[PDB]
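J.: Test case, fold it:
(5 chains)
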Amino acid sequence: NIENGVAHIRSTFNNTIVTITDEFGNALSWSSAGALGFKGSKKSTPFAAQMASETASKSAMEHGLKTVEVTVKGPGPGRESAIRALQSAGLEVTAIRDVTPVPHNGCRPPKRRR
Amino acid sequence: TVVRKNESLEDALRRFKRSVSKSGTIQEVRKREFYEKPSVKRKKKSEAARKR
Amino acid sequence: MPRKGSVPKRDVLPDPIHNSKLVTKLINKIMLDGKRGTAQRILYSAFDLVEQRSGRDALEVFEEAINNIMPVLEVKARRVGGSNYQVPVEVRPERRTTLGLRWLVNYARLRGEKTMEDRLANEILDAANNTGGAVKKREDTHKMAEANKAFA
Amino acid sequence: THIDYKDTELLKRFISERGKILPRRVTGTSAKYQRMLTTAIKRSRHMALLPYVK
RNA sequence: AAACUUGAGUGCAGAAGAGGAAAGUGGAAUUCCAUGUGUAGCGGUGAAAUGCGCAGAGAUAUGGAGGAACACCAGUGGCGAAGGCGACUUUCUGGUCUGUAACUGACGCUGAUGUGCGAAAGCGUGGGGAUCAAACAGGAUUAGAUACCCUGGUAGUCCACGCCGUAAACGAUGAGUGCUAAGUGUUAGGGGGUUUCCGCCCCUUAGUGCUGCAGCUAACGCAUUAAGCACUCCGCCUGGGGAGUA
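T.: Residues are numbered from 1 along each chain as shown, chains lettered A, B, ... in the order given. Please find the structure below.
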């Protein structure tokens, strides 16, 4: 359990969310932008990803899982600023993947916004 | 899905920023933010082809 | 002409006593209502008490006191509408010099004593010892521009 | 000639670096080659000789 | 009453195609459920709130069920009379184009009345119901709302069978056949010429675009895909409202 894991981020258009887990995903720790006193619409900032990443990573503490090999799963503004701020914790980011859900034209998306 | 090692993190990003821009992820989900009408994408693709 | 380009900034004349440009710029800002002599006499009697309450000569003490006044980040408002509209922007070196002189005088005028014989020199030794009232609003700018750091 | 859907090696230089199709704009093939290709690349996606995404 | 072969049609030989219909197969995503692990928010906006969560939410991982569509290829590309048609496979079936000239010998064109197809939204009888979503409910905005925005949501959206027969159903241009500068992309062939170690060049046929003379137009513009020059036939107009109404 020590120094082996998968880091999941999915920054949407709001509220960059990060959950770090082991290599066979079991949700070791997680944090958000709402868990740092960002109430609303400040969460869609790269500066919100500057603190939300390591405050789940450094407050994991159960096994010393200190490698991540992060996974990106969202179109957001704080996308690459959550892995740049992950080496502020310094956890040897070794395999970056953009695993985002892309449909094969499957379902009907919602209405246009006037 | 590309592994980048034997370097820093500020150079693996430079690989990853252009390994996403040369992919149908960001231009695909920006297209499907809202349902467009089934005859206005045929003109949207026509404007994105006549300009090339 | 502030839209043809930039205005050509002009030269000043340094002080005869301290041999310093920074002293004369302090003379011009404490010069209330064009009175050169009646304000310069007060500055020439507001660094003797500096040199009385500290053995060092005041030309060292002046440029040591203003470094606890001069901030490194400030707020310039950009018209973004519904956003925060408060961008933390660093300070150009000309405004870096001026805005320290501004806070040093504007809070020297709000003390208990009436004479600027010792209204000025008390706040200088406070700024020399990194305390007082003109220092504590630099930290107020460094708790405002450094709180909204999402616009670097 | 005609593209057979088992001949993977000549057929996987046309697949993308994730599993997509390169257009003939960037590959440089002709018109009728590209659509005789695409009915063979998609029978090879169905029998797991090539993925849909990697 | 005969004779002819160009028009028209059948042969023979090649092609190209999201042309239809029926039955199978497949993957990503959405939603819901079950479970593991795990902890305070998630969601949403110009800002918030309604809503959801401590009866474990979201996030993450595996598995399941179900409905709907078919990313990339994908292009001022292809096919069809139009509406239209986009995963893949098989069966059944329609049309066009090219080339050869064997054959039939004007068999042609247009077409009132008639008879059939005809997007969506509708309606009927049943199914199915995942997303989306009129009506409807609630929260914000505003000067004000029944609008815009947000949460939720029914008919519908989907299938089968009968209807309905209307659209800015538009190239706002009926069909057929000739004739009249050129230049240029591209699609489906054919004959050449080198040869290419499969790639060009020239000529021609049928599509599909963009430029542009003559000519035409009231002007914009159109211009071998005419709105040019002709001939045939059909539909239709003759001031605006009243009215596509009694």
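
J.: Tell me the spatial nearest neighbour of the residue of chain B found nearest chain C, not counting adjacent residues.
T.: The nearest approach of chain B to chain C comes at residue B:10, 16.8 Å away (CB to the nearest CB). From N, CA and C alone the C-beta is placed, and that goes for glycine too. Setting aside the residues directly before and after it, residue B:10 is nearest to residue A:84 in space (CB to CB, 6 or more residues apart in numbering or on different chains), at 7.4 Å.

J.: same question, residue C:9
T.: Per CB to CB, 6+ apart, closest to residue C:9 is residue C:94, 7.5 Å.

J.: ok so, going back, next up, the contacts around the residue nearest to residue B:10.
T.: B:9-10, B:13 (CB atoms under 8 Å, 6 or more residues apart in numbering or on different chains).

J.: Please report the distance of the residue of chain B closest to chain C from chain D.
T.: Going from residue B:10 to chain D by CB to the nearest CB, to the nearest Å gives 23 Å.

J.: Past the strand or helix carrying that residue, which element shows up next along the chain?
T.: Using DSSP states H and E, residue B:10 maps to helix B:9-21. Downstream of helix B:9-21, the first helix or strand assigned by DSSP H and E is helix B:26-29.

J.: any chance you could map the strands in the chain?
T.: As the question left the chain open, I've gone with chain A. A:6-10, A:17-21, A:29-31, A:71-72, A:97-98 (DSSP state E).

J.: what about the fourth one and chain D, any contact?
T.: By that I understand strand A:71-72. No - judged by CB under 8 Å from any CB of the partner chain, strand A:71-72 stays clear of chain D, getting no closer than 14.2 Å.

J.: By proximity to chain A, which residue of chain C wins?
T.: Closest point on chain C to chain A, by CB to the nearest CB, is residue C:150, at 3.8 Å.

J.: If I follow the layout properly, residue A:74 ends up in contact with residue A:8?
T.: No - Residue A:74 lies out of contact with residue A:8 (CB atoms under 8 Å); the separation is 9.8 Å.

J.: returning to that earlier point: so the residue of chain C closest to chain A lies in a helix, does it not?
T.: No - assessed with DSSP: H, G, I helix; E, B strand; the rest coil, residue C:150 is coil; it does not lie in a helix.

J.: ok, for it, nearest residue in space, not its chain neighbours?
T.: Of all residues not flanking residue C:150 in the chain, residue A:47 sits nearest, at 3.8 Å (CB to CB, 6+ apart).

J.: residues contacting residue 57?
T.: In the absence of a named chain, this looks at chain A. For residue A:57, the contacting residues are A:7, A:20, A:29, A:68, A:86, A:89, A:91, by CB under 8 Å, 6+ apart.

J.: My question was about chain C, not that one.
T.: Taking CB under 8 Å, 6+ apart, one finds residue C:51 in contact with residue C:57.

J.: What separation do you get for it and residue A:28?
T.: 62 Å (CB to CB, to the nearest Å).

J.: now do residue D:7
T.: 46 Å.

J.: who's more crowded, the two?
T.: residue A:28 (20 against 12; other CB atoms under 10 Å in any protein chain shown).

J.: What is the burial count for the residue nearest to residue D:3 when sequence neighbours are not counted?
T.: In space, and not counting its chain neighbours, residue D:3 is closest to residue D:40: 4.4 Å by CB to CB, 6+ apart. Residue D:40 has 18 neighbours, counted by other CB under 10 Å.

J.: thinking residue D:40 is in contact with residue D:6, fair?
T.: No - look at residue D:40 against residue D:6 with CB under 8 Å: they stay out of range, at 9.1 Å.
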